[PDB]
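The block underneath contains the structure these notes are about, expressed in structure tokens.
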Amino acid sequence: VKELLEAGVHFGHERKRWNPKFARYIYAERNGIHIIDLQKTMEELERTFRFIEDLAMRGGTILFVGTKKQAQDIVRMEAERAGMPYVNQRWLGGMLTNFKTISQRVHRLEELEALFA
RNA sequence: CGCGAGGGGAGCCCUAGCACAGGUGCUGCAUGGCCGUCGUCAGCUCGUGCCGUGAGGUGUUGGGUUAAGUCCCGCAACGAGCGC
Ligand SMILES: [Mg+2]
Ligand SMILES: [Mg+2]
Ligand SMILES: [Mg+2]
Ligand SMILES: [Mg+2]
Ligand SMILES: [Mg+2]
Ligand SMILES: [Mg+2]
Ligand SMILES: [Mg+2]
Ligand SMILES: [Mg+2]
Ligand SMILES: [Mg+2]
Ligand SMILES: [Mg+2]
Ligand SMILES: [Mg+2]
Ligand SMILES: [Mg+2]
Ligand SMILES: [Mg+2]
Ligand SMILES: [Mg+2]
Ligand SMILES: [Mg+2]
Ligand SMILES: [Mg+2]
Ligand SMILES: [Mg+2]
Ligand SMILES: [Mg+2]
Ligand SMILES: [Mg+2]
Ligand SMILES: [Mg+2]
Ligand SMILES: [Mg+2]
Ligand SMILES: [Mg+2]
Ligand SMILES: [Mg+2]
Ligand SMILES: [Mg+2]
Ligand SMILES: [Mg+2]
Ligand SMILES: [Mg+2]
Ligand SMILES: [Mg+2]
Ligand SMILES: [Mg+2]
């Protein structure tokens, strides 16, 4: 059921701003706009979710991100819809690499929670 | 130490020798301290992270505002320290 539903409203986008690398996943080009190979997506979808489901049962925590507005809140709801960590709230420098100093901002939010109740 | 003779010790004083004092003599280019100054100027940096072979850069820049690096929004940065 995954297939046609993608063709539902989830393929083809952009034009003349692509990247030759991505070209292998491309199918054609109508109206000047690029048409993505729907059938090939399906394959990558399988391999991906294999890892997704795997790391899920492994109990891993996935970090979701998308500051882009056209996916702003969609990242939000789906996040609590799994308890999985995430940030579409505009990314930051050292989110992961400087996770130490960043997490201190959290420990400060905890303290604010302390006076918030 | 004795009844007293007399002698002797502390102290202080002078005379004597020695140890040593004393110096507003030099060096602020050997120094502490304190003070003047740019300046009551908004400025000067640290930790971590990222960029760079490196000196270093980023933050501290940008837009708004203030007496002000004041605050705000923004931002590969997140905070913090001596400063207002
Ligand atoms: Mg803080
Ligand atoms: Mg006698
Ligand atoms: Mg006698
Ligand atoms: Mg006698
Ligand atoms: Mg006697
Ligand atoms: Mg007698
Ligand atoms: Mg007598
Ligand atoms: Mg006599
Ligand atoms: Mg006599
Ligand atoms: Mg005598
Ligand atoms: Mg005696
Ligand atoms: Mg005399
Ligand atoms: Mg004399
Ligand atoms: Mg002299
Ligand atoms: Mg001096
Ligand atoms: Mg002032
Ligand atoms: Mg530090
Ligand atoms: Mg450092
Ligand atoms: Mg350096
Ligand atoms: Mg900062
Ligand atoms: Mg500076
Ligand atoms: Mg600088
Ligand atoms: Mg900048
Ligand atoms: Mg600023
Ligand atoms: Mg300013
Ligand atoms: Mg930001
Ligand atoms: Mg900033
Ligand atoms: Mg301040």
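As numbered in the numbering used here, the first sequence has no gaps in its residue numbers, which increase by one up to the final residue, 755. The C-beta atom is built at its ideal place from N, Cα and C for all residues, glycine as well.
Answer with buried or exposed for residue i, where buried requires no fewer than 16 other C-beta atoms within 10 angstroms of its C-beta.
i	result
residue 735	exposed
residue 672	buried
Are the CB atoms of residue j and residue i within a distance shorter than 8 Å?
i	j	result
residue 680	residue 640	yes
residue 700	residue 722	yes
Quiz item: Using 8 Å as the threshold, is the region 701 to 717 in touch with the region 661 to 675, meaning 3 or more CB pairs across them?
Solution: Cβ pair count under 8 Å is below three, so no.
Quiz item: Is the region 707 to 719 touching the region 686 to 697, taking contact as three or more C-beta pairs under 8 Å?
Solution: Not touching, per the Cβ criterion.
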